[PDB]
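Enquirer: So that we are looking at the same thing, I have put the structure below in structure tokens.
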Amino acid sequence: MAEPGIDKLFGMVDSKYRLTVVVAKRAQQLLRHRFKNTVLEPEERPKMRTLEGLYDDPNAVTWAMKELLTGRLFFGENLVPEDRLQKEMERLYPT
Amino acid sequence: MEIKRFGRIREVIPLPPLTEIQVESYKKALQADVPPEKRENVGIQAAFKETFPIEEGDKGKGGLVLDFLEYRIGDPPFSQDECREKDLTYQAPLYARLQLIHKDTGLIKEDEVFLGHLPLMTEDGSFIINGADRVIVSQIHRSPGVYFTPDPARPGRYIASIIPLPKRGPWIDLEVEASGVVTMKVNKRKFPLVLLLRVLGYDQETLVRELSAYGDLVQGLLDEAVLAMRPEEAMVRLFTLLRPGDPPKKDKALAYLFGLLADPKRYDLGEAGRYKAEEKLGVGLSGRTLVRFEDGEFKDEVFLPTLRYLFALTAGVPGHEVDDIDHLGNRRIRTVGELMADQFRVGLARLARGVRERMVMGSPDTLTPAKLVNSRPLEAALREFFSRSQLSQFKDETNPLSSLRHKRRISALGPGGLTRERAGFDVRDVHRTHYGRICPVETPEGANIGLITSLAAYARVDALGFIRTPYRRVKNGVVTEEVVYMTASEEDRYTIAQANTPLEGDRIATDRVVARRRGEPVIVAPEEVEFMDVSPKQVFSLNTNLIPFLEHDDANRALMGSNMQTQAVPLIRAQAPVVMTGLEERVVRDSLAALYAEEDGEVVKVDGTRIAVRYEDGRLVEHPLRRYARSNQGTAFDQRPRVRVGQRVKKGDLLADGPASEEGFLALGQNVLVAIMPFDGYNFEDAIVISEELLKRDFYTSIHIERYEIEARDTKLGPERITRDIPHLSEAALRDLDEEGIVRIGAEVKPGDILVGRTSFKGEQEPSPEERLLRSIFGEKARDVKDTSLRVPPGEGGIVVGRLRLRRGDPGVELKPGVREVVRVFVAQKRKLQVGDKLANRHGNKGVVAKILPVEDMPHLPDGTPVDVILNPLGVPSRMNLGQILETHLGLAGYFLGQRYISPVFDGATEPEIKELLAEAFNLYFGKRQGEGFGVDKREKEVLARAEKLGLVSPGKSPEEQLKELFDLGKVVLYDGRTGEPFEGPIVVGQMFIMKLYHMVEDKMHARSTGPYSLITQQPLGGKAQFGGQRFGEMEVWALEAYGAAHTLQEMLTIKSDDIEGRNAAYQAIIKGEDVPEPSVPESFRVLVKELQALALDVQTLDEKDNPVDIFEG
Amino acid sequence: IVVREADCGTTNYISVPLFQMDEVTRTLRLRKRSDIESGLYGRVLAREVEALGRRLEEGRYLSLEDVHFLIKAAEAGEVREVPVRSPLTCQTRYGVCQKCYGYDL
Amino acid sequence: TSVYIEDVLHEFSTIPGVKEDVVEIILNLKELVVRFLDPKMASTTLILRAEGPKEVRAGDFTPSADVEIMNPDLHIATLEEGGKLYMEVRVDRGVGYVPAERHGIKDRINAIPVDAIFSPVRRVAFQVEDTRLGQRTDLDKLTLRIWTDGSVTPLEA
Amino acid sequence: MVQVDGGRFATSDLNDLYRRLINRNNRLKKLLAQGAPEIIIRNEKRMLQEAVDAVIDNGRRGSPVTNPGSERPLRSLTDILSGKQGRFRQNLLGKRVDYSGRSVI
Amino acid sequence: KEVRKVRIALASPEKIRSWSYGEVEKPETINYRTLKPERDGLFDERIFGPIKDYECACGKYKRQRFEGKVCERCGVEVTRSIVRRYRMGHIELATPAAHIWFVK
Amino acid sequence: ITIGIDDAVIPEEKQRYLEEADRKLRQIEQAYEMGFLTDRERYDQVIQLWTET
Amino acid sequence: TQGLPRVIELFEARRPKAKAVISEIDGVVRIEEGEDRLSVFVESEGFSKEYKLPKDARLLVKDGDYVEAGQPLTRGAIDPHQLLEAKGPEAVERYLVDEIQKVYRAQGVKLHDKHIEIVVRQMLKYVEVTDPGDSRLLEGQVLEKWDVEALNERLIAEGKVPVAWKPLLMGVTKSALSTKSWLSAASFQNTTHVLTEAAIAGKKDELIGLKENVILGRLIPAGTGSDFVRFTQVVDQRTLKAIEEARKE
Ligand SMILES: CO[C@H]1/C=C/O[C@@]2(C)Oc3c(C)c(O)c4c(O)c(c(/C=N/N5CCN(C)CC5)c(O)c4c3C2=O)NC(=O)/C(C)=C\C=C\[C@H](C)[C@H](O)[C@@H](C)[C@@H](O)[C@@H](C)[C@H](OC(C)=O)[C@@H]1C
Ligand SMILES: [Zn+2]
Ligand SMILES: [Zn+2]
């Protein structure tokens, strides 16, 4: 019962560490823009259980991993320039 | 509870007094109570007589002699406790009475002179050195004599070793080189031997007579016709070569030393030096290597017949043989007394040098004694030793056995005798010859294994410091009542019989007799025999000797158990074990940790703090009981009374118990009911399961005391002051401090709470204007004083037991310069067991508590009683500590049969005997069952059936008798408390002695997030509010590298240590809830660039395409 | 040394021996099962291998089942050495390469 | 639940003319079992006025309205000439095993709280025997046991 | 340069050396612009160098530059680099973690 | 641009005097009574940097928007505190200076 | 499941085997009493017997 | 020698204890005189080599045996230095690996050959010069530093020399010190010299390996820190059609 379908994740990438580098950067952008970034939003969003129950799972890392295996996301080695990829990100409620 | 003894072989002699090595040596090096006429060499007298007829520069010409007459030890200035309280060396003034003589005669017999202060021993065996107890541990080194050995550097050759008593002469080595030359080595200088012979009148012919024969070895002694000429001219060229710079004919000056006179070379007075060389070399000898002053020439004594023997050993006579540098016939002990006297000898030889200088200076008719003597050399030399030498330990005080062990400790390392921890392997090995002298078990585990060791039980150190064992004498057939302590040397001559050997009354019982001779085991005729063993105990150390079924313990696990016992923390309800080896009475007693009556009388005053007793006449003594003191190790040793107000006394029976003592029987832990089975992975690997029922019974609970200290100094900015008016502080804070700044007796003290208040001045700038305008206007006026108090370290604390204060000038109190007043606060704790405590039994079964189970769970016997510890079986057969099993079975008998036992080592309980006891015990345990109207319930059967199918029970027999069998076998039907059912297949259950050890989870374990980083290194350490950070070692770095852990590694080297900028960016970020930093340029990079620049060396950064990039700009 | 790229692109290799010589009796024993895996498991075949009716395409990363198959093909007198890419013969200098080293992550 | 001894300021103390020492005393008091009569009751204080050369004995406690010490004998202290003893020992009602370092009873300064063994139930065993009763030869005969300190009664329990 | 809990100090040594230098440097800067006997500048220029020595590799020659009091040699600009805890060896060995703790397993 | 190769060379006395930033030709500085240094010494604030968080000595702008920092008699530049590990000094020798490493 | 001592089962052969081993040794210490074996030779067998045993 | 001493002995690559003799050339065997001094001859028509053996020598070739160059003759260890120059660097490589595993195997460990293979590769990493191209002919240089100066001074800008070299058997620790990287070479005992030598010459690092980067606290050049991966960026679908609406204005 380890990580949400972790074997299916390695398969997407050419080298182990790619999965690691992406899952990072996606959580990194996910973190900044108060989760208003999600590609899975609806009822797919990951959750917790408490003395209340069903509150959004705070861990950004978790989110990236579930977000990644819906295929929706696109990662690349060099397409899209960073200096213009930073500004355009503030489109639907930023930091 | 009643006592059942076991095994035959009765001990012809009781054990020696144990603290012998320690106590009985010093005494005879100190000759404290013997008329100063009788006092007869070695010890203080020696060192005195060694140096003393001190002639002046130009001997007997310029007047002034000065000589020793007698010495007086004083009366110690302070009480034994006074010394510990006020940090003092428990000392005595040693004055020496000396007379000075003139050329015109003076009888100036100056009324004693202070020569310095001498530390002296407790009754116990230990010393007190600036407060704090200490142990002078006894060292082993090669015994003075002549030796040989084969050349390890030169295959098929031999060196020749000459060894005098240590710090009394140098090492001399003869070694025939692969180039003809023979060469004497000495003072780490190497010269052709001939020279030294030429001085002893050896002509080039008398060499061809005494030293040709065996080979043409003299070839390299002879071709040096260069100097085989004049004795005096030899003397010079040697002097020239040895200690250079000054080459006239008064070489006789130096050469007299390593020749005649007890100046340096006194290998022996009537000791081994001769004896050894008179037995291992070529007979006939006196005192020093070569006799100098005869009638002006230097006459030979040792040098030639050595060179002879060496030569007659590279081809040589059969019977000429290499030496065993490992035999205990060449290994001596240096006792305390010997090492102290050796240091006392250094003092004098320094005072003398001083005296020699002053007689020359002053006018020869004014100078008296007292006017010549320094009194600072000896004072310092004796001081240096007891305080600073590696052979001067703290004091293993954990329990009363520990201390004892610490005294009979034998080291190989340290000063003079200098084995580095980076040497030896055969020097580690247990030598045949340790038998009876040194324990073949009970060594330390790692790194020291072999170099630190304990004294065998019955063994004892002799006049010249070889260990001797007792052996019974056998007049062919009869086994005498006469015992003989003999050398390891005087032992390789006889057919010694084991004590195992049977005897009808007082004579041998079988024709095939087991015995050792020259080591190797031999079976022998009852006539052939020459001696016997006194007891198997003889062979092992004390702690070893504390192990009930040692028989069935594998040696390796037995050492762990032999140790650990040392680690046993004294418990509140200490209790001697259900199964003993007998030895437990005496170990308590000789430790003097417990009180005992003086001369059979009657008790009179019996309360918590005192026992006083009306003796038979003898007057009246009150004995005070030390109560809740503190060990060297935080152990908390205290005495409890064990006698009734008004009763006749046992000439010396227990008056009061020690700390690990129950009724004068060594009680190092508790006995408890155990199951031997796995639980649910809860006793996985080595973990142990506890019945919380233990805690309830205040069982494994121990008292520990910590001590805290705080000083007060003056400095440029003023004095540090132990005030109670600490600034910036509530009354809540000071609630507990007396009008002084010290906590009250009996305060519950938490972490952070003020223990001792005190105020440094500190002048961190001068308060700027404007901020005084407000400081005045609003009231709160500026202050000249900082908080700097004590306060309880995070996690510590408990109840405040005692305070203590030494201020400057107090009676006998001297404390380090520029400091005045020292405060000490003692806090106490009551502990109980916990998840992560270490428990071990004497068989070497260690392990940590992993789970305290509520009584509902826990395997329980049908009658209702649950067990107390669940010990996993898988930890049994891997190690071969089978005794632990054996010990549990008897403990099952004992439990129901309600008794204690005494099964000594290699002579205790035998299976049938235990089984019989078990049979006897079961008729009771089931006697009860059936008497209270019960028997064999459906569960028990379910088991029994499948039990015979296993093959443990007899098919055909009735369920009752089936139960008996299974019981007797040490096993029994057990019930799972969790589900009313049984565990199919019976479980072995019984009583087992287990100890709670030194180490507790309480003292281990910290957590840090952020706290005081150092102003030196700039990484986390120092913990003024919380603890300090874990370290990331080189091996952890490799692992992170070996992973793909880029950042996780980088993080550990920047934002978590010295990288202030990003270190802070980290903290800020999280406070906010931002994804930590991204430390773009690591500080440690910038710091590198620069330290280099401050040395010149450009050091310049470059990007991919290769143009300077710049990493600064700040 | 770090895995720098896949396929340093070289044709060199080691032949890994499935038989051994004890240098004392001048004999030839087929070496031990563990040892052969320890030579072959997770390796990348240098040139194609054919035996016992099977054919092992070059570049096949050879599994644990594969090593077993080889051993068996070695007792059935068909193979004696096994051509395999190894760090010893890689060309990347500052590390090895994916198609060498091979597998054993 | 908590004690208080006369001229005693902590757990690690020792009273003059008392053989015992406060720890050994506390350890003994642990074993005292008190019955409550009034179910209105929650906690009270037993008073140990004890004097001189005698052997204190738990029964020596002060007699209280609705209170019954079920273990007279049971050593509390040995007192020798001079020994004065005055004590005040709390007794609360509670369930299970709640120890000093947890609850801490603040009855006044220098009181000392003591560990609590609350369960009246002492030992419990049950035997599943074979009964003879005109059905099968496969029926259980449950006989439960139970043991107390005379405060709660086997059946009551 | 940081103080310890009180009035007294804990200096950084290299300061003591960066000081012992400008000292000898100006006393040879001053000694030369007014009154130059060559015999004495054969004790002032020679003496200045042996300061710029200390500040590089103090431990050299056979007599190091010591803090007036204890015979300890005082650590130099070179001693800021060479060995145990010197900036080169440092990162490879140690550093205490800031978010950490131990305990019995 | 990024870092990809540290590279070691020798230092021009013109290189050193490029790094120099100040020049400390004024000695002894280790004051104790007040936690501040002394005049143009190895601990001076002028040549190196600000001692505390910003701060002059008599009192000036410890703020943000003005740029270009100094004072009327004792000026101390106002750009952060890590520079007290980064801003270098320099002393001018009398004449020679054999650097032992290269000599021996 | 548990380890009681009876569980360290001794084979009924330990006796036979050790009486046997014992005698082939008696006949060895008496084969060197004749000119049959050298010390080195006889020891090399005593060692070996025990080793098989 | 065996156990852990032997493992060191191999990596450190030293003349072992019991320097078992190996034939320099191939030919025939001719053992002679088992009494005074014992000697084994290797001989063909032409060459004839004489190897004098200690007597205590446990040689295992009977007379008139045929023989191969570099093949053991006396039993025990091969001096892997004598092997290199007499059978090859490749041939040496395969010996070392085979021989270390031997210890680990016989004590009981299982671990991949490819592991040991990697280290042995470094033990060979270096070469000494014969007839240089742009340096002095005594230098010890990295094998693929002098590979760009071998078949590149012949692939385009041809001329001067391809530079002639010879293989060298550096012993693991000695192959440690001789690194292109002043940074890491420093950590080691003599730090002055590295920094001396290195500064005199332009010496740039390049920060190829790991230790180096750690010393400066830079981000390790492996895993998440490997150029091959580290540059990967990640973008969303809605975010990617925020670049289709903004890159042609
Ligand atoms: C000057 O005294 C020192 C000498 C240093 O110099 C040096 C080179 O010469 C040594 C001599 C001559 C020893 O005889 C010795 C020793 O017998 C010992 C340990 C190391 N023991 N440990 C093993 C495991 N462990 C977890 C902790 C300690 C030692 O290192 C040494 C030791 C040295 O290192 N111990 C043991 O093996 C055994 C059988 C028992 C130890 C029991 C307790 C623990 C100690 O006796 C306590 C009471 C202290 O006495 C020591 C701490 C001394 O420290 C001081 C100043 O009090 C220390 C001996
Ligand atoms: Zn490759
Ligand atoms: Zn200013």
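Labeling convention for the structure tokens: chains A, B, ... as they appear, residues from 1 per chain, ligands from 1 in order of appearance.
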9 Å from ligand 3 is the threshold here; counting only C-alpha atoms and all ligand atoms, which polymer residues fall inside it? Answer as a list in words.

Expert: residues 45, 46, 55, 56, 57, 58, 59, 60, 70, 71, 72, 73, 74, 75 and 76 of chain F

Enquirer: Could you list, as a PyMOL selection string, all residues that come within 9 Å of ligand 2? Count only C-alpha atoms and all ligand atoms.

Expert: chain C and resi 5-13+85-92+96-101

Enquirer: Keeping only N, CA, C and O atoms, write the selected residues as a PDB file, in the first residue's frame.

Expert:
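File written: part_0.pdb
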```pdb
ATOM      1  N   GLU C   5      25.556   8.534 -20.336  1.00  0.00           N
ATOM      2  CA  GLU C   5      24.604   8.397 -21.446  1.00  0.00           C
ATOM      3  C   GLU C   5      24.329   6.930 -21.787  1.00  0.00           C
ATOM      4  O   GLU C   5      25.080   6.045 -21.385  1.00  0.00           O
ATOM      5  N   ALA C   6      23.245   6.669 -22.511  1.00  0.00           N
ATOM      6  CA  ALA C   6      22.977   5.323 -22.994  1.00  0.00           C
ATOM      7  C   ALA C   6      23.835   5.070 -24.217  1.00  0.00           C
ATOM      8  O   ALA C   6      23.978   5.955 -25.071  1.00  0.00           O
ATOM      9  N   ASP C   7      24.411   3.869 -24.283  1.00  0.00           N
ATOM     10  CA  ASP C   7      25.198   3.403 -25.436  1.00  0.00           C
ATOM     11  C   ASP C   7      26.362   4.321 -25.810  1.00  0.00           C
ATOM     12  O   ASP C   7      26.250   5.174 -26.698  1.00  0.00           O
ATOM     13  N   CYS C   8      27.486   4.122 -25.134  1.00  0.00           N
ATOM     14  CA  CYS C   8      28.735   4.764 -25.517  1.00  0.00           C
ATOM     15  C   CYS C   8      29.067   4.431 -26.969  1.00  0.00           C
ATOM     16  O   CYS C   8      30.028   4.960 -27.536  1.00  0.00           O
ATOM     17  N   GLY C   9      28.268   3.537 -27.549  1.00  0.00           N
ATOM     18  CA  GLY C   9      28.340   3.209 -28.960  1.00  0.00           C
ATOM     19  C   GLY C   9      29.499   2.333 -29.397  1.00  0.00           C
ATOM     20  O   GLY C   9      29.764   2.248 -30.596  1.00  0.00           O
ATOM     21  N   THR C  10      30.186   1.683 -28.455  1.00  0.00           N
ATOM     22  CA  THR C  10      31.323   0.826 -28.810  1.00  0.00           C
ATOM     23  C   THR C  10      30.968  -0.648 -29.027  1.00  0.00           C
ATOM     24  O   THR C  10      29.932  -1.143 -28.576  1.00  0.00           O
ATOM     25  N   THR C  11      31.855  -1.335 -29.733  1.00  0.00           N
ATOM     26  CA  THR C  11      31.635  -2.719 -30.115  1.00  0.00           C
ATOM     27  C   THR C  11      32.464  -3.687 -29.274  1.00  0.00           C
ATOM     28  O   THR C  11      32.290  -4.903 -29.391  1.00  0.00           O
ATOM     29  N   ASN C  12      33.349  -3.146 -28.431  1.00  0.00           N
ATOM     30  CA  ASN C  12      34.192  -3.950 -27.544  1.00  0.00           C
ATOM     31  C   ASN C  12      33.385  -4.691 -26.482  1.00  0.00           C
ATOM     32  O   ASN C  12      32.199  -4.423 -26.313  1.00  0.00           O
ATOM     33  N   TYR C  13      34.017  -5.636 -25.787  1.00  0.00           N
ATOM     34  CA  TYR C  13      33.347  -6.369 -24.711  1.00  0.00           C
ATOM     35  C   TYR C  13      34.261  -7.350 -23.970  1.00  0.00           C
ATOM     36  O   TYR C  13      35.451  -7.445 -24.256  1.00  0.00           O
ATOM     37  N   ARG C  85      28.925  -6.684 -22.849  1.00  0.00           N
ATOM     38  CA  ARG C  85      29.345  -5.311 -22.571  1.00  0.00           C
ATOM     39  C   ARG C  85      29.612  -5.089 -21.077  1.00  0.00           C
ATOM     40  O   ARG C  85      28.792  -5.478 -20.234  1.00  0.00           O
ATOM     41  N   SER C  86      30.743  -4.459 -20.750  1.00  0.00           N
ATOM     42  CA  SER C  86      31.120  -4.212 -19.349  1.00  0.00           C
ATOM     43  C   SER C  86      31.916  -2.921 -19.186  1.00  0.00           C
ATOM     44  O   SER C  86      32.616  -2.519 -20.109  1.00  0.00           O
ATOM     45  N   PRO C  87      31.836  -2.287 -18.012  1.00  0.00           N
ATOM     46  CA  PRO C  87      32.572  -1.047 -17.743  1.00  0.00           C
ATOM     47  C   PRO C  87      34.012  -1.112 -18.201  1.00  0.00           C
ATOM     48  O   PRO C  87      34.535  -0.122 -18.711  1.00  0.00           O
ATOM     49  N   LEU C  88      34.632  -2.277 -18.043  1.00  0.00           N
ATOM     50  CA  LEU C  88      36.017  -2.464 -18.450  1.00  0.00           C
ATOM     51  C   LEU C  88      36.281  -2.000 -19.880  1.00  0.00           C
ATOM     52  O   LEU C  88      37.377  -1.537 -20.183  1.00  0.00           O
ATOM     53  N   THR C  89      35.260  -2.098 -20.733  1.00  0.00           N
ATOM     54  CA  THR C  89      35.382  -1.803 -22.160  1.00  0.00           C
ATOM     55  C   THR C  89      34.431  -0.705 -22.623  1.00  0.00           C
ATOM     56  O   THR C  89      34.037  -0.667 -23.789  1.00  0.00           O
ATOM     57  N   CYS C  90      34.058   0.187 -21.714  1.00  0.00           N
ATOM     58  CA  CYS C  90      33.199   1.298 -22.087  1.00  0.00           C
ATOM     59  C   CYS C  90      34.007   2.526 -22.454  1.00  0.00           C
ATOM     60  O   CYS C  90      35.160   2.672 -22.038  1.00  0.00           O
ATOM     61  N   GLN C  91      33.375   3.407 -23.227  1.00  0.00           N
ATOM     62  CA  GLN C  91      34.020   4.603 -23.763  1.00  0.00           C
ATOM     63  C   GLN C  91      33.207   5.867 -23.476  1.00  0.00           C
ATOM     64  O   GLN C  91      32.436   6.332 -24.318  1.00  0.00           O
ATOM     65  N   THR C  92      33.392   6.420 -22.284  1.00  0.00           N
ATOM     66  CA  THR C  92      32.654   7.593 -21.830  1.00  0.00           C
ATOM     67  C   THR C  92      33.597   8.356 -20.913  1.00  0.00           C
ATOM     68  O   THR C  92      33.346   9.509 -20.514  1.00  0.00           O
ATOM     69  N   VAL C  96      30.471   5.248 -16.613  1.00  0.00           N
ATOM     70  CA  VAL C  96      30.066   4.201 -17.544  1.00  0.00           C
ATOM     71  C   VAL C  96      28.906   4.704 -18.413  1.00  0.00           C
ATOM     72  O   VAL C  96      28.640   5.907 -18.465  1.00  0.00           O
ATOM     73  N   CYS C  97      28.236   3.783 -19.103  1.00  0.00           N
ATOM     74  CA  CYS C  97      27.109   4.117 -19.969  1.00  0.00           C
ATOM     75  C   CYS C  97      25.947   3.130 -19.791  1.00  0.00           C
ATOM     76  O   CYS C  97      26.165   1.975 -19.432  1.00  0.00           O
ATOM     77  N   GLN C  98      24.721   3.588 -20.035  1.00  0.00           N
ATOM     78  CA  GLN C  98      23.538   2.785 -19.730  1.00  0.00           C
ATOM     79  C   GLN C  98      23.643   1.376 -20.290  1.00  0.00           C
ATOM     80  O   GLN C  98      23.567   0.408 -19.548  1.00  0.00           O
ATOM     81  N   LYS C  99      23.843   1.259 -21.594  1.00  0.00           N
ATOM     82  CA  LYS C  99      23.913  -0.058 -22.221  1.00  0.00           C
ATOM     83  C   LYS C  99      25.124  -0.904 -21.776  1.00  0.00           C
ATOM     84  O   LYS C  99      25.189  -2.088 -22.084  1.00  0.00           O
ATOM     85  N   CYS C 100      26.084  -0.305 -21.070  1.00  0.00           N
ATOM     86  CA  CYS C 100      27.093  -1.084 -20.348  1.00  0.00           C
ATOM     87  C   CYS C 100      26.615  -1.110 -18.920  1.00  0.00           C
ATOM     88  O   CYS C 100      25.489  -0.694 -18.666  1.00  0.00           O
ATOM     89  N   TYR C 101      27.450  -1.564 -17.984  1.00  0.00           N
ATOM     90  CA  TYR C 101      27.017  -1.712 -16.594  1.00  0.00           C
ATOM     91  C   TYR C 101      25.772  -2.559 -16.645  1.00  0.00           C
ATOM     92  O   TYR C 101      25.842  -3.766 -16.445  1.00  0.00           O
TER      93      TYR C 101
END
```

Enquirer: At a cut-off of 6 Å, which residues of chain F touch chain B? Count only C-alpha atoms and give the answer as a compact mmCIF listing (two decimals) with N, CA and C atoms, in the first residue's frame.

Expert:
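Result file follows (selection_16.txt):
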```txt
# COMPACT_ATOMS: atom_id res chain seq x y z
N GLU F 2 25.71 30.20 -15.36
CA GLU F 2 25.95 29.33 -14.20
C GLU F 2 27.44 29.05 -14.00
N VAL F 3 27.76 28.41 -12.87
CA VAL F 3 29.13 27.99 -12.56
C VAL F 3 29.44 26.60 -13.14
N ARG F 4 30.61 26.45 -13.75
CA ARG F 4 30.97 25.17 -14.37
C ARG F 4 32.45 24.79 -14.26
N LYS F 5 33.28 25.71 -13.77
CA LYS F 5 34.70 25.43 -13.55
C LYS F 5 35.42 26.51 -12.73
N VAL F 6 35.68 26.23 -11.45
CA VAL F 6 36.58 27.06 -10.65
C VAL F 6 37.97 26.95 -11.26
N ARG F 7 38.75 28.02 -11.20
CA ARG F 7 40.06 28.05 -11.87
C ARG F 7 41.06 28.91 -11.10
N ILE F 8 42.24 28.35 -10.81
CA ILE F 8 43.22 29.03 -9.95
C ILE F 8 44.39 29.67 -10.70
N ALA F 9 44.70 30.90 -10.32
CA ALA F 9 45.77 31.66 -10.94
C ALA F 9 46.63 32.32 -9.85
N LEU F 10 47.51 33.23 -10.25
CA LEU F 10 48.27 34.06 -9.32
C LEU F 10 47.69 35.47 -9.25
N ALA F 11 47.96 36.16 -8.15
CA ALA F 11 47.37 37.47 -7.90
C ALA F 11 48.32 38.64 -8.16
N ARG F 33 35.56 46.68 26.56
CA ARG F 33 34.57 47.34 27.43
C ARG F 33 33.25 47.61 26.71
N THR F 34 33.34 48.02 25.45
CA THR F 34 32.19 48.19 24.57
C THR F 34 32.34 47.26 23.36
N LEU F 35 31.24 46.66 22.93
CA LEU F 35 31.28 45.65 21.86
C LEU F 35 31.37 46.26 20.45
```

Enquirer: Could you check the closest approach to ligand 1 for each of B:421, B:1041, B:553, B:796 and tell me which residue wins, using only C-alpha atoms and all ligand atoms?

Expert: B:421

Enquirer: With a distance cut-off of 6 Å and only C-alpha atoms, select the neighbouring residues of residue 20 (chain F), excluding the residue or stretch itself and same-chain residues fewer than 4 positions from it, and output the selection as a list in words.

Expert: residues 16, 88, 89 and 90 of chain F

Enquirer: Per DSSP on the backbone, filter region 22-156 of chain D down to the residues in strand (DSSP E or B) and report them as a VMD selection string.

Expert: chain D and resid 34 to 35 43 to 48 51 54 to 55 68 to 69 78 to 79 84 87 to 92 97 to 98 113 116 to 117 121 to 123 126 to 130 140 to 144 147 to 148

Enquirer: Any idea what's packed within 10 Å of residue 67 (chain E), counting only C-alpha atoms, ignoring anything in its chain fewer than 6 positions away? Could you give it as a compact mmCIF listing (two decimals) with N, CA, C and O atoms, in the first residue's frame?

Expert:
```txt
# COMPACT_ATOMS: atom_id res chain seq x y z
N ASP E 13 43.08 34.58 16.52
CA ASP E 13 44.48 34.26 16.23
C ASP E 13 45.06 34.97 14.99
O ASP E 13 46.04 35.70 15.10
N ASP E 16 45.66 38.48 15.70
CA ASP E 16 46.92 38.63 16.43
C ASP E 16 48.12 38.65 15.49
O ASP E 16 49.15 39.23 15.82
N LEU E 17 47.97 38.02 14.33
CA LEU E 17 49.04 37.93 13.35
C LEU E 17 48.98 39.03 12.30
O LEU E 17 50.01 39.52 11.85
N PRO E 73 51.33 27.22 19.16
CA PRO E 73 51.88 27.94 18.01
C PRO E 73 50.94 28.92 17.30
O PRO E 73 51.44 29.69 16.48
N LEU E 74 49.64 28.91 17.60
CA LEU E 74 48.67 29.83 16.98
C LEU E 74 48.46 29.60 15.47
O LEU E 74 49.40 29.55 14.69
```
